[PDB]
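Asks: Pasting in a structure now, in structure tokens, and then I'll have a few things to ask.
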Amino acid sequence: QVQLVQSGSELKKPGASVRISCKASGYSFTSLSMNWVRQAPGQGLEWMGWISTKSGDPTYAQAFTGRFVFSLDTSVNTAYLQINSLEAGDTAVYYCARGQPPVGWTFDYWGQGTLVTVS
Amino acid sequence: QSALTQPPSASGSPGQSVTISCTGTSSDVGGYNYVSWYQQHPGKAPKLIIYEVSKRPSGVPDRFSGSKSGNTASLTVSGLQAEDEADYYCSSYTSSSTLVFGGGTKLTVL
């Protein structure tokens, strides 16, 4: 069974950094893309970009260029999202979402989400 | 202000059918068949319900269906049940090799 397990809730001050993890089980982590989606409280889903688990190359959405870093540790089947220079507007739930084969523009499995609260 | 336009809310009584629309442009919804629908109970992860306009993942009942006409996709939920009450989001591939979401529709079951 396919599953994405994310790390716990975070509470940070403005200017700090935060690293969120998304551990994949139930398939070959390196066979499918990993995408990142933000949802500010009460708002809709926003696509942050994706990371190729084939090569490690990250591709950021226009709105998420600069302070956001997608990375991988394939040896523990884990994708990471780090947010730098945290600001109040970053308070949100962040999801990882697997790209459904063959082209990965459908997200068939989603992590449970990680709340980040910036005080 | 999202790229795809959805009605903010929709309502129905149990057993009825409700349709939620998702209007994009020829650059996304109309230009490709990679339109998806996700069901989100608030505070839980989105769940894939429809992909590639009309395909259902295994385990999703046949009450959920999807279609498209021009630049507008549609998700239909027939035989409405109380557990269908949730937020529904559409998404689409774009000609810029990105994915865009709709603003979401709150579906209430009376």
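Ordering of the structure tokens sets the chain letters (A, B, ...), residue numbers begin anew at 1 in every chain, and ligands are numbered from 1 in the order given.
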Set out as a tab-separated table a contact list for chain A and chain B with a cut-off of 8 Å, giving each residue of chain A that qualifies its closest atom pair and distance in Å to one decimal, counting only C-alpha atoms, ordered by chain and rising residue number.

Replies:
```
residue	atom	partner	partner_atom	distance
A:43	CA	B:103	CA	7.8
A:44	CA	B:103	CA	5.3
A:45	CA	B:101	CA	6.2
A:46	CA	B:101	CA	6.5
A:47	CA	B:99	CA	6.4
A:49	CA	B:98	CA	7.7
A:61	CA	B:98	CA	7.4
A:95	CA	B:45	CA	7.8
A:105	CA	B:93	CA	6.1
A:106	CA	B:36	CA	6.3
A:107	CA	B:48	CA	6.9
A:108	CA	B:48	CA	5.6
A:109	CA	B:47	CA	7.2
A:110	CA	B:45	CA	6.4
A:111	CA	B:45	CA	6.8
A:112	CA	B:45	CA	5.1
A:113	CA	B:45	CA	6.5
```

Asks: Find the residues around residue A:54 up to 12 Å (only C-alpha atoms counted), leave out those fewer than 5 positions away in its own chain, and share them as a list in words.

Replies: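 So the residues in contact are residues 28, 29, 30, 31, 32, 33, 34, 72, 73 and 74 of chain A.
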
Asks: Quick one: residues within 8 Å of residue A:16, only C-alpha atoms, excluding same-chain residues fewer than 3 positions away - as a PyMOL selection string?

Replies: chain A and resi 12-13+84-86

Asks: List as a ChimeraX atom specification the protein and nucleic acid residues near residue B:82, meaning an atom at most 9 Å away when only C-alpha atoms are counted, but skip any in the same chain fewer than 4 places from it.

Replies: /B:13-14,108-110

Asks: Just the strand (DSSP E or B) stuff from chain B, please, per backbone DSSP, written as a PDB file with N, CA, C and O atoms, in the first residue's frame.

Replies:
```pdb
ATOM      1  N   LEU B   4      -7.950  28.366 -12.201  1.00  0.00           N
ATOM      2  CA  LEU B   4      -9.176  27.658 -12.537  1.00  0.00           C
ATOM      3  C   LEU B   4     -10.322  28.158 -11.668  1.00  0.00           C
ATOM      4  O   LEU B   4     -10.149  28.400 -10.471  1.00  0.00           O
ATOM      5  N   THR B   5     -11.490  28.314 -12.277  1.00  0.00           N
ATOM      6  CA  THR B   5     -12.655  28.889 -11.608  1.00  0.00           C
ATOM      7  C   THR B   5     -13.652  27.803 -11.225  1.00  0.00           C
ATOM      8  O   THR B   5     -14.177  27.097 -12.091  1.00  0.00           O
ATOM      9  N   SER B   9     -19.529  27.160  -3.544  1.00  0.00           N
ATOM     10  CA  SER B   9     -20.268  26.167  -2.782  1.00  0.00           C
ATOM     11  C   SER B   9     -21.292  25.479  -3.667  1.00  0.00           C
ATOM     12  O   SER B   9     -21.669  25.980  -4.731  1.00  0.00           O
ATOM     13  N   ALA B  10     -21.735  24.314  -3.197  1.00  0.00           N
ATOM     14  CA  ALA B  10     -22.792  23.542  -3.827  1.00  0.00           C
ATOM     15  C   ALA B  10     -23.482  22.720  -2.743  1.00  0.00           C
ATOM     16  O   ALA B  10     -22.866  22.369  -1.731  1.00  0.00           O
ATOM     17  N   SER B  11     -24.761  22.403  -2.953  1.00  0.00           N
ATOM     18  CA  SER B  11     -25.514  21.694  -1.926  1.00  0.00           C
ATOM     19  C   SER B  11     -26.473  20.685  -2.543  1.00  0.00           C
ATOM     20  O   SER B  11     -26.952  20.857  -3.664  1.00  0.00           O
ATOM     21  N   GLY B  12     -26.766  19.640  -1.777  1.00  0.00           N
ATOM     22  CA  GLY B  12     -27.743  18.656  -2.198  1.00  0.00           C
ATOM     23  C   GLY B  12     -28.221  17.825  -1.031  1.00  0.00           C
ATOM     24  O   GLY B  12     -27.569  17.750   0.016  1.00  0.00           O
ATOM     25  N   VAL B  18     -25.265  16.309  -7.736  1.00  0.00           N
ATOM     26  CA  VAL B  18     -24.752  17.671  -7.809  1.00  0.00           C
ATOM     27  C   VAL B  18     -23.577  17.690  -8.774  1.00  0.00           C
ATOM     28  O   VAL B  18     -22.775  16.750  -8.812  1.00  0.00           O
ATOM     29  N   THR B  19     -23.478  18.763  -9.555  1.00  0.00           N
ATOM     30  CA  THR B  19     -22.380  18.965 -10.491  1.00  0.00           C
ATOM     31  C   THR B  19     -21.593  20.198 -10.081  1.00  0.00           C
ATOM     32  O   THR B  19     -22.178  21.234  -9.762  1.00  0.00           O
ATOM     33  N   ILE B  20     -20.270  20.068 -10.072  1.00  0.00           N
ATOM     34  CA  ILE B  20     -19.354  21.153  -9.770  1.00  0.00           C
ATOM     35  C   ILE B  20     -18.553  21.423 -11.031  1.00  0.00           C
ATOM     36  O   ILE B  20     -17.987  20.492 -11.627  1.00  0.00           O
ATOM     37  N   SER B  21     -18.500  22.691 -11.432  1.00  0.00           N
ATOM     38  CA  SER B  21     -17.811  23.089 -12.648  1.00  0.00           C
ATOM     39  C   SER B  21     -16.421  23.627 -12.328  1.00  0.00           C
ATOM     40  O   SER B  21     -16.118  24.023 -11.199  1.00  0.00           O
ATOM     41  N   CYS B  22     -15.581  23.647 -13.362  1.00  0.00           N
ATOM     42  CA  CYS B  22     -14.175  24.020 -13.228  1.00  0.00           C
ATOM     43  C   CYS B  22     -13.764  24.603 -14.575  1.00  0.00           C
ATOM     44  O   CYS B  22     -13.508  23.857 -15.524  1.00  0.00           O
ATOM     45  N   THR B  23     -13.691  25.918 -14.650  1.00  0.00           N
ATOM     46  CA  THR B  23     -13.500  26.611 -15.912  1.00  0.00           C
ATOM     47  C   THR B  23     -12.060  27.101 -15.980  1.00  0.00           C
ATOM     48  O   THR B  23     -11.585  27.771 -15.059  1.00  0.00           O
ATOM     49  N   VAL B  35      -7.004  16.738 -16.417  1.00  0.00           N
ATOM     50  CA  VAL B  35      -7.833  17.379 -15.407  1.00  0.00           C
ATOM     51  C   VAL B  35      -8.114  16.365 -14.308  1.00  0.00           C
ATOM     52  O   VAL B  35      -8.568  15.246 -14.577  1.00  0.00           O
ATOM     53  N   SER B  36      -7.870  16.772 -13.071  1.00  0.00           N
ATOM     54  CA  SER B  36      -8.065  15.922 -11.916  1.00  0.00           C
ATOM     55  C   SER B  36      -9.039  16.597 -10.954  1.00  0.00           C
ATOM     56  O   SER B  36      -9.200  17.824 -10.953  1.00  0.00           O
ATOM     57  N   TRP B  37      -9.674  15.765 -10.128  1.00  0.00           N
ATOM     58  CA  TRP B  37     -10.544  16.193  -9.044  1.00  0.00           C
ATOM     59  C   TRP B  37     -10.119  15.483  -7.768  1.00  0.00           C
ATOM     60  O   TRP B  37      -9.952  14.248  -7.759  1.00  0.00           O
ATOM     61  N   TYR B  38      -9.980  16.270  -6.701  1.00  0.00           N
ATOM     62  CA  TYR B  38      -9.581  15.820  -5.378  1.00  0.00           C
ATOM     63  C   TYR B  38     -10.665  16.187  -4.373  1.00  0.00           C
ATOM     64  O   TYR B  38     -11.200  17.302  -4.405  1.00  0.00           O
ATOM     65  N   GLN B  39     -10.949  15.259  -3.467  1.00  0.00           N
ATOM     66  CA  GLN B  39     -11.848  15.471  -2.344  1.00  0.00           C
ATOM     67  C   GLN B  39     -11.039  15.686  -1.070  1.00  0.00           C
ATOM     68  O   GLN B  39     -10.132  14.899  -0.769  1.00  0.00           O
ATOM     69  N   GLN B  40     -11.351  16.758  -0.336  1.00  0.00           N
ATOM     70  CA  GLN B  40     -10.647  17.104   0.895  1.00  0.00           C
ATOM     71  C   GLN B  40     -11.665  17.306   2.002  1.00  0.00           C
ATOM     72  O   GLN B  40     -12.445  18.263   1.973  1.00  0.00           O
ATOM     73  N   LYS B  47      -7.843  13.722  -1.377  1.00  0.00           N
ATOM     74  CA  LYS B  47      -7.918  12.370  -1.912  1.00  0.00           C
ATOM     75  C   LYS B  47      -8.293  12.456  -3.383  1.00  0.00           C
ATOM     76  O   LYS B  47      -9.244  13.164  -3.736  1.00  0.00           O
ATOM     77  N   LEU B  48      -7.551  11.744  -4.232  1.00  0.00           N
ATOM     78  CA  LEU B  48      -7.842  11.738  -5.659  1.00  0.00           C
ATOM     79  C   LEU B  48      -9.148  11.015  -5.931  1.00  0.00           C
ATOM     80  O   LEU B  48      -9.345   9.875  -5.497  1.00  0.00           O
ATOM     81  N   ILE B  49     -10.014  11.668  -6.707  1.00  0.00           N
ATOM     82  CA  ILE B  49     -11.336  11.156  -7.041  1.00  0.00           C
ATOM     83  C   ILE B  49     -11.481  10.915  -8.537  1.00  0.00           C
ATOM     84  O   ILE B  49     -12.084   9.921  -8.963  1.00  0.00           O
ATOM     85  N   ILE B  50     -11.001  11.840  -9.352  1.00  0.00           N
ATOM     86  CA  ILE B  50     -11.104  11.700 -10.797  1.00  0.00           C
ATOM     87  C   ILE B  50      -9.773  12.133 -11.382  1.00  0.00           C
ATOM     88  O   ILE B  50      -9.169  13.091 -10.897  1.00  0.00           O
ATOM     89  N   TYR B  51      -9.298  11.425 -12.400  1.00  0.00           N
ATOM     90  CA  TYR B  51      -8.110  11.873 -13.106  1.00  0.00           C
ATOM     91  C   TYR B  51      -8.317  11.690 -14.600  1.00  0.00           C
ATOM     92  O   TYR B  51      -9.128  10.872 -15.039  1.00  0.00           O
ATOM     93  N   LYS B  55     -11.481   9.373 -15.632  1.00  0.00           N
ATOM     94  CA  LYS B  55     -11.061   8.109 -15.028  1.00  0.00           C
ATOM     95  C   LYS B  55     -11.174   8.142 -13.507  1.00  0.00           C
ATOM     96  O   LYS B  55     -10.875   9.151 -12.860  1.00  0.00           O
ATOM     97  N   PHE B  64     -19.235   8.922  -8.466  1.00  0.00           N
ATOM     98  CA  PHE B  64     -18.408  10.041  -8.888  1.00  0.00           C
ATOM     99  C   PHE B  64     -18.089   9.871 -10.363  1.00  0.00           C
ATOM    100  O   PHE B  64     -17.638   8.799 -10.785  1.00  0.00           O
ATOM    101  N   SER B  65     -18.306  10.928 -11.142  1.00  0.00           N
ATOM    102  CA  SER B  65     -18.002  10.894 -12.566  1.00  0.00           C
ATOM    103  C   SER B  65     -17.466  12.253 -12.996  1.00  0.00           C
ATOM    104  O   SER B  65     -17.613  13.251 -12.287  1.00  0.00           O
ATOM    105  N   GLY B  66     -16.817  12.274 -14.154  1.00  0.00           N
ATOM    106  CA  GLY B  66     -16.214  13.494 -14.658  1.00  0.00           C
ATOM    107  C   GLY B  66     -16.409  13.609 -16.152  1.00  0.00           C
ATOM    108  O   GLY B  66     -16.465  12.611 -16.872  1.00  0.00           O
ATOM    109  N   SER B  67     -16.550  14.854 -16.609  1.00  0.00           N
ATOM    110  CA  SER B  67     -16.690  15.152 -18.029  1.00  0.00           C
ATOM    111  C   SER B  67     -16.072  16.513 -18.302  1.00  0.00           C
ATOM    112  O   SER B  67     -15.635  17.219 -17.390  1.00  0.00           O
ATOM    113  N   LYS B  68     -16.044  16.881 -19.577  1.00  0.00           N
ATOM    114  CA  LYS B  68     -15.490  18.167 -19.964  1.00  0.00           C
ATOM    115  C   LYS B  68     -16.159  18.629 -21.248  1.00  0.00           C
ATOM    116  O   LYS B  68     -16.522  17.823 -22.109  1.00  0.00           O
ATOM    117  N   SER B  69     -16.319  19.942 -21.364  1.00  0.00           N
ATOM    118  CA  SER B  69     -16.893  20.560 -22.548  1.00  0.00           C
ATOM    119  C   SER B  69     -16.169  21.878 -22.757  1.00  0.00           C
ATOM    120  O   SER B  69     -16.201  22.754 -21.882  1.00  0.00           O
ATOM    121  N   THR B  72     -14.343  23.956 -19.923  1.00  0.00           N
ATOM    122  CA  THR B  72     -14.961  23.717 -18.621  1.00  0.00           C
ATOM    123  C   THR B  72     -15.013  22.218 -18.336  1.00  0.00           C
ATOM    124  O   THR B  72     -15.624  21.463 -19.092  1.00  0.00           O
ATOM    125  N   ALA B  73     -14.420  21.796 -17.230  1.00  0.00           N
ATOM    126  CA  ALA B  73     -14.581  20.437 -16.740  1.00  0.00           C
ATOM    127  C   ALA B  73     -15.677  20.416 -15.678  1.00  0.00           C
ATOM    128  O   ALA B  73     -16.052  21.455 -15.134  1.00  0.00           O
ATOM    129  N   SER B  74     -16.210  19.222 -15.415  1.00  0.00           N
ATOM    130  CA  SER B  74     -17.297  19.023 -14.470  1.00  0.00           C
ATOM    131  C   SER B  74     -17.104  17.716 -13.719  1.00  0.00           C
ATOM    132  O   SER B  74     -16.791  16.684 -14.326  1.00  0.00           O
ATOM    133  N   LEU B  75     -17.306  17.777 -12.403  1.00  0.00           N
ATOM    134  CA  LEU B  75     -17.397  16.612 -11.532  1.00  0.00           C
ATOM    135  C   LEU B  75     -18.839  16.453 -11.071  1.00  0.00           C
ATOM    136  O   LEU B  75     -19.432  17.399 -10.546  1.00  0.00           O
ATOM    137  N   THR B  76     -19.392  15.258 -11.242  1.00  0.00           N
ATOM    138  CA  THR B  76     -20.749  14.966 -10.811  1.00  0.00           C
ATOM    139  C   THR B  76     -20.708  13.915  -9.713  1.00  0.00           C
ATOM    140  O   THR B  76     -19.995  12.909  -9.831  1.00  0.00           O
ATOM    141  N   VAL B  77     -21.427  14.185  -8.627  1.00  0.00           N
ATOM    142  CA  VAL B  77     -21.590  13.252  -7.522  1.00  0.00           C
ATOM    143  C   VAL B  77     -23.069  12.908  -7.476  1.00  0.00           C
ATOM    144  O   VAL B  77     -23.900  13.764  -7.139  1.00  0.00           O
ATOM    145  N   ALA B  86     -17.658  17.917   1.709  1.00  0.00           N
ATOM    146  CA  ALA B  86     -16.216  18.171   1.738  1.00  0.00           C
ATOM    147  C   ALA B  86     -15.884  19.298   0.781  1.00  0.00           C
ATOM    148  O   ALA B  86     -16.784  19.829   0.136  1.00  0.00           O
ATOM    149  N   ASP B  87     -14.613  19.664   0.670  1.00  0.00           N
ATOM    150  CA  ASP B  87     -14.153  20.605  -0.336  1.00  0.00           C
ATOM    151  C   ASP B  87     -13.636  19.826  -1.538  1.00  0.00           C
ATOM    152  O   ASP B  87     -12.976  18.798  -1.386  1.00  0.00           O
ATOM    153  N   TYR B  88     -14.003  20.269  -2.731  1.00  0.00           N
ATOM    154  CA  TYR B  88     -13.589  19.604  -3.959  1.00  0.00           C
ATOM    155  C   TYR B  88     -12.762  20.580  -4.778  1.00  0.00           C
ATOM    156  O   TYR B  88     -13.158  21.738  -4.957  1.00  0.00           O
ATOM    157  N   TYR B  89     -11.580  20.131  -5.188  1.00  0.00           N
ATOM    158  CA  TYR B  89     -10.648  20.931  -5.969  1.00  0.00           C
ATOM    159  C   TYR B  89     -10.412  20.272  -7.318  1.00  0.00           C
ATOM    160  O   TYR B  89     -10.206  19.058  -7.392  1.00  0.00           O
ATOM    161  N   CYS B  90     -10.461  21.061  -8.378  1.00  0.00           N
ATOM    162  CA  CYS B  90      -9.971  20.620  -9.671  1.00  0.00           C
ATOM    163  C   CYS B  90      -8.532  21.090  -9.870  1.00  0.00           C
ATOM    164  O   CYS B  90      -8.046  21.999  -9.193  1.00  0.00           O
ATOM    165  N   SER B  91      -7.840  20.414 -10.782  1.00  0.00           N
ATOM    166  CA  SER B  91      -6.468  20.754 -11.143  1.00  0.00           C
ATOM    167  C   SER B  91      -6.254  20.412 -12.606  1.00  0.00           C
ATOM    168  O   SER B  91      -6.932  19.545 -13.168  1.00  0.00           O
ATOM    169  N   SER B  92      -5.268  21.073 -13.202  1.00  0.00           N
ATOM    170  CA  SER B  92      -4.958  20.835 -14.598  1.00  0.00           C
ATOM    171  C   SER B  92      -3.484  21.093 -14.870  1.00  0.00           C
ATOM    172  O   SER B  92      -2.859  21.973 -14.268  1.00  0.00           O
ATOM    173  N   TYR B  93      -2.947  20.303 -15.790  1.00  0.00           N
ATOM    174  CA  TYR B  93      -1.690  20.614 -16.445  1.00  0.00           C
ATOM    175  C   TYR B  93      -1.864  21.857 -17.304  1.00  0.00           C
ATOM    176  O   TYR B  93      -2.955  22.136 -17.815  1.00  0.00           O
ATOM    177  N   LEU B  99       1.248  22.841 -12.923  1.00  0.00           N
ATOM    178  CA  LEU B  99      -0.054  22.366 -12.488  1.00  0.00           C
ATOM    179  C   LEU B  99      -0.752  23.494 -11.752  1.00  0.00           C
ATOM    180  O   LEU B  99      -0.147  24.141 -10.892  1.00  0.00           O
ATOM    181  N   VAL B 100      -2.010  23.742 -12.108  1.00  0.00           N
ATOM    182  CA  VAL B 100      -2.810  24.771 -11.459  1.00  0.00           C
ATOM    183  C   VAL B 100      -4.030  24.122 -10.824  1.00  0.00           C
ATOM    184  O   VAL B 100      -4.532  23.093 -11.288  1.00  0.00           O
ATOM    185  N   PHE B 101      -4.488  24.725  -9.731  1.00  0.00           N
ATOM    186  CA  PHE B 101      -5.653  24.268  -8.994  1.00  0.00           C
ATOM    187  C   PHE B 101      -6.811  25.239  -9.174  1.00  0.00           C
ATOM    188  O   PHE B 101      -6.625  26.422  -9.471  1.00  0.00           O
ATOM    189  N   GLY B 102      -8.026  24.723  -8.986  1.00  0.00           N
ATOM    190  CA  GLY B 102      -9.159  25.602  -8.813  1.00  0.00           C
ATOM    191  C   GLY B 102      -9.261  26.099  -7.379  1.00  0.00           C
ATOM    192  O   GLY B 102      -8.621  25.581  -6.467  1.00  0.00           O
ATOM    193  N   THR B 105     -14.552  24.137  -4.045  1.00  0.00           N
ATOM    194  CA  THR B 105     -15.997  24.226  -3.890  1.00  0.00           C
ATOM    195  C   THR B 105     -16.386  23.485  -2.621  1.00  0.00           C
ATOM    196  O   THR B 105     -16.060  22.304  -2.476  1.00  0.00           O
ATOM    197  N   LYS B 106     -17.062  24.166  -1.704  1.00  0.00           N
ATOM    198  CA  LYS B 106     -17.590  23.483  -0.534  1.00  0.00           C
ATOM    199  C   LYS B 106     -18.889  22.779  -0.909  1.00  0.00           C
ATOM    200  O   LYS B 106     -19.866  23.430  -1.302  1.00  0.00           O
ATOM    201  N   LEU B 107     -18.912  21.455  -0.785  1.00  0.00           N
ATOM    202  CA  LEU B 107     -20.107  20.673  -1.039  1.00  0.00           C
ATOM    203  C   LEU B 107     -20.738  20.289   0.295  1.00  0.00           C
ATOM    204  O   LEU B 107     -20.116  19.580   1.100  1.00  0.00           O
ATOM    205  N   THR B 108     -21.970  20.761   0.511  1.00  0.00           N
ATOM    206  CA  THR B 108     -22.779  20.473   1.694  1.00  0.00           C
ATOM    207  C   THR B 108     -23.892  19.497   1.352  1.00  0.00           C
ATOM    208  O   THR B 108     -24.634  19.704   0.390  1.00  0.00           O
ATOM    209  N   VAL B 109     -24.024  18.457   2.164  1.00  0.00           N
ATOM    210  CA  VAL B 109     -25.104  17.489   2.042  1.00  0.00           C
ATOM    211  C   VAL B 109     -26.123  17.776   3.138  1.00  0.00           C
ATOM    212  O   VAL B 109     -25.799  17.713   4.332  1.00  0.00           O
TER     213      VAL B 109
END
```

Asks: For the atom pair atom CA of residue A:24 and atom CA of residue B:41, what is the interatomic distance in Å to one decimal place?

Replies: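 Atom CA of residue B:41 lies 22.2 Å from atom CA of residue A:24.
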
Asks: At what distance in Å, to one decimal, does atom CA of residue A:90 lie from atom CA of residue A:8?

Replies: 16.0 Å

Asks: Give the answer as one residue: which of A:22, A:116, A:4, A:51 has the shortest atom-to-atom distance to residue A:88, using only C-alpha atoms?

Replies: A:116

Asks: DSSP on the backbone, helix (DSSP H, G or I) only: what residues of chain A does that give? Format it as a list in words.

Replies: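 Answer for chain A restricted to helix (DSSP H, G or I) is residues 29, 30, 31, 62, 63, 64, 74, 75, 76, 88, 89 and 90 of chain A.
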
Asks: Measuring between only C-alpha atoms, which one of A:1, A:27, A:68, A:119 shows the shortest distance to residue A:101?

Replies: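 Checking each candidate against residue A:101, we get A:27 as the closest.
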
Asks: Could you tell me how far atom CA of residue A:41 sits from atom CA of residue B:8, in Å to one decimal place?

Replies: 15.9 Å

Asks: Could you check which of A:2, A:48, A:96, A:83 is closest to residue A:21, using only C-alpha atoms?

Replies: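 Of all the options, A:96 lies closest to residue A:21.
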
Asks: Would you mind telling me which residue in A:38, A:59, A:104, A:6 lies nearest to residue A:71 when using only C-alpha atoms?

Replies: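 Closest to residue A:71, using only C-alpha atoms: A:59.
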